[PDB]
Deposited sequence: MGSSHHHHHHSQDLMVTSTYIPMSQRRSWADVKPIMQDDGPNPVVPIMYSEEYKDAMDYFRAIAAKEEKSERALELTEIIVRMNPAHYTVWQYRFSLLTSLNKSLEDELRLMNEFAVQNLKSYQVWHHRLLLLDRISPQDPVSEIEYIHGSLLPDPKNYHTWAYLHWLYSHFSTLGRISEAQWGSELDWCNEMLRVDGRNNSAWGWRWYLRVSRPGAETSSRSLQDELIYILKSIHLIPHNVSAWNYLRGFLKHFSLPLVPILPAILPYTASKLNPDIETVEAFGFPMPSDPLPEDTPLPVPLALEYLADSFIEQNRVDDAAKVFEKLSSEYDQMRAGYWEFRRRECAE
């Protein structure tokens, strides 16, 4: 049975404040007894800007009922700072939260704020936590964005060693092996191998193409691998023609063909067309765009038609 906060001696000196909705508000929520009471007292606490243990406990009470309550999260962090609480303990508390609230902007930002403040010399333990976090939901956007920030932020502090980068790529390779269709993992690979400041840009490019082409041959209809290939070639200003022989069959490592691989692959045709454009063969490129528009990728009939006219 719920004990109202007005009947609790620890809160006797506090006068609760009612929500100021105004007259007959729209979209009003029928708050539970607990939630309303908690907010009545949070309003009083926040208005007088009290920084105490009871206020801290109150914020936890509220965010558990509403993990998206950004006002209360903001207040909670200021409480952790003012009371000089153990941020490591708070982080452990967030490990329970993150389990059930994987898509709360506020939980993830709170975790970012904690690690920025704690600023460990080696974030390896947090990185491993994040990895384990991705097992039950390998495509969680917030988590991937957070992983990016983590490595990015701590690399600027020079706290990411070469062995650490190496193990991270190893981990990313394993992720893509488990599911080559995980576009999130491909994105992480791009950061590790291309975009990050410390990316190896040498022979290295050649190794990458090998990986990409092999990925394509493993799963010819994998839109992720194709986008990565196109992005890669475009970023490093590399010609398509020389690699064409590896893609031609779907219209350096070569294809096999795996069972259940209907031809042609639309993105393979886009590659062939862009190859012709690179060769100044506008009419041949137009013809393949026309095929994409009329037969092989009709959902995008208009777009491919657009690309066709772009040649003429």
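Stretches of the deposited sequence lacking C-alpha coordinates, numbered from 1: 1-18, 221, 271-285, 291-292, 349.
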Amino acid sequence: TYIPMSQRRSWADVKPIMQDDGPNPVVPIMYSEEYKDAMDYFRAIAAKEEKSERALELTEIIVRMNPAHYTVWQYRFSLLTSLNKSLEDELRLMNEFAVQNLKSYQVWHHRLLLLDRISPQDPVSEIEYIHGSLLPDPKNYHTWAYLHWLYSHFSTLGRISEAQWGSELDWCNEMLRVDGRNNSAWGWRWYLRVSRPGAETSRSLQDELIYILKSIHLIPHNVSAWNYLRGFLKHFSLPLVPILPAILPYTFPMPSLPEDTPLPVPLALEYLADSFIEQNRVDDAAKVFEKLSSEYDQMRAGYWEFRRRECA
From here on, numbers count along this sequence of modelled residues.
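Think of the rigid core as the biggest set of C-alphas that the two forms share within 1.5 Å after superposition.
In a rigid core superposition of the other structures in 5 other deposited structures of this protein, 165-173 and 95-103 differ in how far their CA atoms stray, and the farther one is 95-103. Of the two segments examined, 190-198 and 99-107, it is 99-107 that shows the higher average Cα temperature factor in the deposited entry. Between 216-224 and 180-188, the higher mean Cα B-factor belongs to 216-224. As recorded in the PDB entry, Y250 shows the highest C-alpha B-factor of the residues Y250, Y70, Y31, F42. Comparing the listed residues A46, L56, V63, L257, the entry records the largest Cα B-factor for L257. Ranked within its chain, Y129 lands in the middle third, by CA B factor from the PDB record.
Annotation for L229: CA B-factor lies in the middle third of the chain's modelled residues. Per-chain ranking of the deposited C-alpha B factor places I160 in the lowest third. Among all modelled residues in its chain, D284 ranks in the highest third by Cα B-factor. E270: CA B factor in the middle third of modelled residues in this chain (values from the PDB entry).
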